[PDB]
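Novice: One structure is given below, represented as C-alpha cells, and several questions about it will come after.
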Amino acid sequence: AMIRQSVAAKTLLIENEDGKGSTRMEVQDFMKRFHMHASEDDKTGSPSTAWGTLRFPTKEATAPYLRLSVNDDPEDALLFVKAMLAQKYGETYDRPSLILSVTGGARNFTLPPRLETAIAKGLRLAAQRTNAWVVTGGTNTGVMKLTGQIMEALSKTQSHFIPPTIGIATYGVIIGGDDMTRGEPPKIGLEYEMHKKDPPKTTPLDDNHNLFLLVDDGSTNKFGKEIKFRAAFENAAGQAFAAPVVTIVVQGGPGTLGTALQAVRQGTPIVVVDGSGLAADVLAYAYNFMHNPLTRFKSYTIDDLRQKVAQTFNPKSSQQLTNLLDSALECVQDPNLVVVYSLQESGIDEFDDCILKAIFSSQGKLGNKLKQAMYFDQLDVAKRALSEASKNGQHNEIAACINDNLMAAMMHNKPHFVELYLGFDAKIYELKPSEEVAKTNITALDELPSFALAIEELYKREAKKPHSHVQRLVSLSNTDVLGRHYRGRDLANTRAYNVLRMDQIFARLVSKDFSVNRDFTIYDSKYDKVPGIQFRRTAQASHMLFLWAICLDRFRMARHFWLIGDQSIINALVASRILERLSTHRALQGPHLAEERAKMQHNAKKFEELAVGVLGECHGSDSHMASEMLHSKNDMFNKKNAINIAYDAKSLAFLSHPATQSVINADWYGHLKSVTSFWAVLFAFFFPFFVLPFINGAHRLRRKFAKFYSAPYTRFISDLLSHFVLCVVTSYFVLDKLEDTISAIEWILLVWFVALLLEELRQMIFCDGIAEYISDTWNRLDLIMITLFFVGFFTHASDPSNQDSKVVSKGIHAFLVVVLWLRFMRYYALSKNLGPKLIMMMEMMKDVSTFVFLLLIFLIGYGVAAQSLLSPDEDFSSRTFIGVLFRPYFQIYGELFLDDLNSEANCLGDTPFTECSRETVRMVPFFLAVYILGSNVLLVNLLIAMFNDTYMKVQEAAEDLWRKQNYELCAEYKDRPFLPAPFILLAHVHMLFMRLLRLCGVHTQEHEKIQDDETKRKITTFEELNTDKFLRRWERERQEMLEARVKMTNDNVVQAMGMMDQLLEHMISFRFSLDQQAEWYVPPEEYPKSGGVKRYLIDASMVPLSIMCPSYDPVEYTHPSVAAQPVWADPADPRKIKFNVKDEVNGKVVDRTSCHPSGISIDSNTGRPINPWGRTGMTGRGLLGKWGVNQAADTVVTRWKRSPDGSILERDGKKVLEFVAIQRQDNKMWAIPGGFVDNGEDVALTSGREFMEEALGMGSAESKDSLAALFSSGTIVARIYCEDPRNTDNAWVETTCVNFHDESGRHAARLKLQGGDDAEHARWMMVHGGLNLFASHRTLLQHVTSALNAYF
Ligand SMILES: CC(C)CCC[C@@H](C)[C@H]1CC[C@H]2[C@@H]3CC=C4C[C@@H](O)CC[C@]4(C)[C@H]3CC[C@]12C
Ligand SMILES: CC(C)CCC[C@@H](C)[C@H]1CC[C@H]2[C@@H]3CC=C4C[C@@H](O)CC[C@]4(C)[C@H]3CC[C@]12C
Ligand SMILES: CC(C)CCC[C@@H](C)[C@H]1CC[C@H]2[C@@H]3CC=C4C[C@@H](O)CC[C@]4(C)[C@H]3CC[C@]12C
Ligand SMILES: CC(C)CCC[C@@H](C)[C@H]1CC[C@H]2[C@@H]3CC=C4C[C@@H](O)CC[C@]4(C)[C@H]3CC[C@]12C
Ligand SMILES: [Mg+2]
Ligand SMILES: [Mg+2]
C-alpha cells in the first residue's frame, strides 16, 4: 500500500519577513534567489536549476534537495526549509524550540552498545519532545549515518509530524550531482543511486536524512567548504525561532576540535559525549581535569593529556601537538558552555537531562529556561531552578515570567507544571494574552478581563490545528459573536472563540434552559478590600478554564481546575453531561477521531463517578449537612440546586443514590415531623386542629399551619381525594337514571369538568410548552376524559326528554367512567411498592402486543373455519362476522361453548357429536381441540415465560426510572395550587387577579429569603473537605486492587534489575581496576605595532651577552606612538640619566634598577642603555616608552577554585589556584593584568589601580569593603625581567608582581568581571603549566604557585 499518485507542486507559501503569516507565491519566483556555480573558475555563477526531491531506496518518503551557492543568504535557505514544512504539514506546523547540530567524525566508527543506545534514546526523546531541527553533514558515513539511524526509529514509530533532519553538504563530493543538476526543476521523486559509479566523487548522501542543502562553490572532491554557511544557518534559525543552538560532539578529528572551538567562541554550547574516543575523549579529559571535583579526577595531569593527544591524533610536528593542546584547553575555559556526558558517571536515559543542562547554562533569562524545562518534562529541574531563584533574591524575574510560563504549560497539556507555577504565588485570574486584542464596539466584549482574552487565545491556538473538533463545533453551532442563537463578519471571525459564545454553546449542550451567569465586575481594583474576594475570583477563573479543559478533553487539567474551585458536585455533573453529549455530537464524527471519542465517553463516566462519590462521602460524614448542601441554590446557574442540575444533566446514577432520595422525600413531606405514612397525613388533613399542634405561640402554630398545607404531599392528598370524589360522584351519576331535565348533579359535574379543562389549558399555555404537555400520556388521558364528558353532556342536553339521547349519553359516559378510574392509577406512582410495578407493566405491554399478534392468527383462522363448518349454507352478513369473532375469543379464557356448539350443529345424539345431519360438522370439536392446544397450552404459558424473562431484565432500570419520576412528581406538585379540582376556579380567578394587579396595576412584587454567608461558607468548607477525603479514599482503594499490586511489583522488580545491572557494571570496572592494580629567549622578527617593520633576526644560540657574536648588526627602529612624546614616556636622548638606582623624573622616583646581578651597562658612543637580559635584534626604544628598565606592576588576584558544594578542587595532590586574567585588545591573547608604574607611586597603588581599571572598570559599599580587605594583604612575590616582544636592546620591561590571595573566597566572589580599557575580556582562569600565556608570565605564576604551594 501507501503509493497512490505523485503530483508536482505549483505554488508555495513563503513566510513574510515580519513573521506574521505566509504569502502564496510561484515556485520559480521564490526559487530565483538561489545560485549555482558551473565551474571553480566561475565566481558570479548562474541561477540554480538543481532543486526538487530525491527518492532513496527502502525509504517510503522522499527527501527535498536544494543546491545553493556560498554567497546565498542563509535566511533564504531557512525560508526554503520553512516553506517545505509549511507545504507538507500545513501552516500551523510545530515550530522548533531547539536546534541540534551534530558534529564529529567523518569516517565510520563503532561505539559501545550501552553508550550508543543511551545517546540514541536521549537524542530521540529530545527531538520528539521539542520538535527539534537536527542539522548534520548529510553524508552516509560516521556520525551523520549514526544520527540518521537514530532518527530513523523516530520517523518509523511516530505518526503525523516528523522532526526534520537537515543535511548540509558540499556539492563537490556528492555522488549524482550531475544527475541532480540536469533537467527542468522541480524533480519530483527522482531516483538516487548510491551504488552508481561516479568517477571523481565518492561520498553519497545518507538516505535517512529528511532534507538536503547542497552548497556549491564550483570545486570538485574537496571537503569542508560549507562549515561557515552551516554555522550561519544555525545562527539564523536560532534568531528566527528564538531557540538555543546545541552542538553535540561524538568522536571527531582535528577539524571537529576547531569546529567546537568556533562554537564556544560564538557562544553556542557544546555537549561532549565521553567514551566515544578521539577528540571527544580529549575534550572530556580536559574538562574533567579542569572542573570536576570528584576524587578519581585528582590524578589527572597535562602530561597524560599530552600523551593521550599524541597517541590519538598522531601529529607530524610538536608545534601542531602544542597548538592542538592549546585549542583543547581553550574550548573548556568557560565551564557553563561545555557539558560532558559520560556512561561510567551519568545514568542511563539521562542524556536529554544533559542536553537540558546545556540549555539552562546557555540562555540567561529565567523564562526561556523554564519553557525548555517544560518541554523536556523535567518538573524536578524546574522546581530546583525556581527554589534556587527564590533563595538567591531573584523573586522579581519569577513574577515577570510566570504568566507566560503558566500560559505555555496550559497550552501543551502539562498539569504538573501548572501545579508548580500556581504554587509559587501566581494568581490564576492574572493571566495575560500574548497578543493585544483590538477594540470592539460591543460593550459586553469590552467589559471582559485580561484572563478571558488569555482563554480566548488558548481556544484560538488549539483551534488553528488541522481537523480540530472545536472549529467544527463553533461553525455548526450557528450563533453570532455573543453566542445568541440568531445565526460585521470580520469581528465575528477574529473573536469567534470568545468565552461568552463558548459559555452559550456549553449551555445548549447541557439542556434547553441552562444559562451560565458571569459577573466580571468583581475583577475591578475597587473591590479588593472586600473579605474573601480572592477565593471568588479564583473560583470563577477556575470554572472558566475548567470548561475549556472539558472542551479539549484534557481530563487531568480538568480534574485540577475542578479541585481548585468550589461547587464540586454540580461541576462534575455538568462536565459529565457536556462530555457525554459532545462524545456523540455531529462535530466529533470522523475516521481519525475514534480514540478521541472513546476518551471523552470514558472521561464522562469518570466525572459521573466523582459526583456520586463526593455525594456519598458527604452522606457518610454528616447526613443533615449533606441535605443542606444539596438544597443550596447557586447563583452561577440561575439559582438551581444540585438536584435540578442533576435532572438537567440526566444523571440517573446521581438521582438513584440514597442521599438524593432522602432529600427528595424530605422535600415531599415539607420538612415536618410525625408525617411519614398515608394515614398520619390523612388524619392530620381531616382533623387540622387536633393533630397538628401536638406535632413537631401564634408564630409557631401559624407557621406549622402554613407549613403543612404548602407541602407537596398535602397537595397530592388533596388532588387524590378530589379525584376520588369525582370518580364516586360521576359513578353514581352514570348508574342512576337520568331525569327529564338537566339534574343538579349534572350541573355540579359540568362546573367540575370546566374547572379541569381550564387547568389543563393553564398547564398547556401558561406553564409549559404544547410539545412538552402532549408528550405526557396522562395529559392525553386528561384531554380524552374531558372531551368524552362534554360530548356526553351535550348529547343529553340537546334533547333532555328524549329517551334515545339519554341512552346514547350513558353509552358515552361508560367510557368516561372507565378512563376516570384508569386515571386514578396515576396516584399509585408515588408509592415505593406500586410505582415500579407500574413501570414494569408499561414495559411488559410489548410482550402483551406480541401475544396478541400471535393469537390473532389462530383466532381468525379457527373462527372463519369453524363458522363456515357450522353454517355452510348461509349468506354472509354482519352476524357471520360476529360469529367469527365472538365464541373463538372467549374460548381462550376457559368458557367453552360446547353445549351451544352442540345446539348449533343440529346433532341429536346423546353423545355430543354423533347423529348429525352433515358429517362435516362432527369435525367442529377437533379444530377447537387443536385451537385450545395452541392458545391455552402453548401461547399463555409462553407469555408467562416471556414476562418472567422481561421482569428479571428490566426491574433495576424500572426502579431507577421510578426514582427519577419521584423528583418529577415532587417538582410537579410543588408549583401546583393548593385548592383541589372543583374549587380550582377560585384559585384561577385569584391568579388572574394577581396577574392583572402585577401587569397593569404594578402594585406588588415577589419576596424570598437568601441564606447567610456563614452557612454558605460552612457548606463550602464541608463540601471541599469531603471532596479531599473522597479523593484520598479513592486513591488508596485503587492502589489496593490486585492488578495494581501485580503491576507495582513488576515495575519494582525491573527497577531492582536495573540497579543490579549498575552494580555489576561497577564490579566489572573493579575487576579491570584490580587486574591493572597487580633556555634562551629570542623575540619574534616583526616588531609589534610598528607597521610591519622587522628586526635583525638572530638564532637562539647567540642570545647570551657572555657570548661574543661579532656579526651582530641590529636595526634602529622607533615606533610612532613612542616618538610622539607622551607624559609616561622618557626623552628620546637618554644622556645624563643615571641607571641602576631609583631615578627622579619631574621630581618623582621611578624604578630604574634591574634585578639582574651584572647590572645595566651604558654605551659610551650614543649614551643609550644596553639590555642585560640578552640581544633582541633591535636598538632604540621601539614601542617601549622608557629608556632602560621600564618598571611594570602586575596584579595577580587569586582564589582557590571551589565547587558549589564548597570543596576545594584538587589536582596532582596539591591545591589548584585561579587568577583573574584579561584578554588583550591588540593581539587577542590572554595575559596577566598589569601596566607600567606611574610617577610618584609604588607597586601597591599601581597594582590596585590597574586591577580596578582593567578587571572592574568603573569600580561598591560592601563589595568595595571586600575588595579593600582583599587588597590590604599583598605580597611582592617577584621582580623579574619580562620576555615582552616589544623589548629592545635600549628599552626592556622589568616587572614587579603583587599577589592578592583570597583564602576564604568570600571577597573575590563579589567582583563583576567585565573587560575595559586595553582589555577585551576578563575571566577567572586556573593556573597550570600548560598555559599558552603572553611573555614570561608562566614563570611569574610558577613563582606565585611555588611560594603559595599551589598547583602548576
Ligand atoms: C377513544 C375512545 C374512548 C373513543 C370512544 C368513542 C365513543 C364515545 C363512541 C364512538 C362510536 C359511538 C357509538 C356509535 C353509534 C351508536 C349507535 C347508537 O344507536 C347508540 C350509540 C352508539 C352505540 C355510539 C356509542 C358511543 C360510541 C361508542
Ligand atoms: C394434512 C391435512 C390438512 C389433511 C386434511 C384432510 C382433509 C382434506 C380430509 C381428510 C378426510 C376427509 C373427510 C373424510 C370423509 C368425510 C365424510 C363425508 O360425508 C363428508 C366429508 C368428510 C368429513 C371428509 C372431509 C375432508 C377430510 C377431513
Ligand atoms: C390435521 C392433521 C394433523 C390431522 C388430520 C385429522 C383429521 C383429518 C381427522 C381427525 C378426526 C377425523 C374425524 C373423525 C370421525 C369422523 C366421522 C366419520 O363418519 C366422518 C369423518 C369424521 C368427521 C372425521 C373427519 C376427519 C378427522 C377430523
Ligand atoms: C394428549 C391430547 C393431545 C389427546 C388428544 C385427544 C384427541 C385425539 C381427541 C380429543 C377430542 C376428540 C374429538 C371429540 C369428538 C369428536 C366428534 C366425533 O364425531 C368424531 C371424533 C371427534 C372429532 C374427536 C377426535 C379426537 C379428539 C380431537
Ligand atoms: Mg475543587
Ligand atoms: Mg396534568
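By order of appearance in the C-alpha cells: chains A, B, ..., then residues from 1 within every chain, and ligands from 1 in the order shown.
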Would you name the residues within 7 Å of ligand 2, counting only C-alpha atoms and all ligand atoms, and put them as an MDAnalysis selection string?
Specialist: chainID A and resid 919:920 923
Novice: Please find the residues contacting ligand 5 at a distance of at most 9 Å between atoms, with only C-alpha atoms and all ligand atoms counted, and report them as a list in words.
Specialist: residues 539, 542, 559, 560, 561, 562, 563, 564, 565, 566, 567, 568, 1023, 1024, 1027 and 1028 of chain A
Novice: Compile the contact shell of residue A:330 as number ranges by chain: residues with an atom at most 12 Å away, counting only C-alpha atoms, same-chain residues fewer than 6 positions apart removed.
Specialist: A: 257-258, 260-265, 283, 286-287, 290, 323-324, 337-338, 1229-1230, 1325-1326, 1330-1333
Novice: Save the residues we just selected, C-alpha atoms, as a CSV table (one decimal), in the first residue's frame?
Specialist:
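Wrote out.csv, looks like this:
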chain,number,residue,atom,x,y,z
A,257,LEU,CA,38.1,20.4,17.6
A,258,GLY,CA,38.4,23.6,15.5
A,260,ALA,CA,34.0,23.1,18.7
A,261,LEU,CA,36.4,26.0,19.3
A,262,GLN,CA,34.4,28.2,16.8
A,263,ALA,CA,31.2,27.1,18.5
A,264,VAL,CA,32.2,28.2,22.0
A,265,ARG,CA,33.7,31.4,20.7
A,283,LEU,CA,37.8,17.4,25.4
A,286,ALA,CA,40.4,18.4,29.6
A,287,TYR,CA,37.1,19.4,31.2
A,290,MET,CA,39.8,21.4,34.8
A,323,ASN,CA,48.5,24.1,19.2
A,324,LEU,CA,46.0,21.2,19.5
A,337,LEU,CA,29.3,26.2,27.8
A,338,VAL,CA,30.7,22.7,27.8
A,1229,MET,CA,45.8,36.7,23.5
A,1230,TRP,CA,45.1,36.2,27.2
A,1325,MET,CA,41.3,31.1,34.8
A,1326,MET,CA,43.2,28.3,36.5
A,1330,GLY,CA,50.3,24.0,30.1
A,1331,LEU,CA,49.1,27.6,29.7
A,1332,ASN,CA,49.8,29.4,26.5
A,1333,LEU,CA,50.1,32.9,28.0
Novice: Please report the interatomic distance between atom CA of residue A:763 and atom CA of residue A:667 in Å with one decimal.
Specialist: 22.4 Å
Novice: Using only C-alpha atoms and all ligand atoms, find the one residue out of A:1293, A:611, A:865, A:781 that sits nearest to ligand 1.
Specialist: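 Closest candidate: A:781.
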Novice: I need the helix (DSSP H, G or I) residues of stretch 603-834 of chain A per DSSP on the backbone, written as a ChimeraX atom specification.
Specialist: /A:603-621,623-631,635-637,642-648,652-655,658-669,678-686,688-691,698-708,712-735,744-766,770-775,777-798,803-830,834
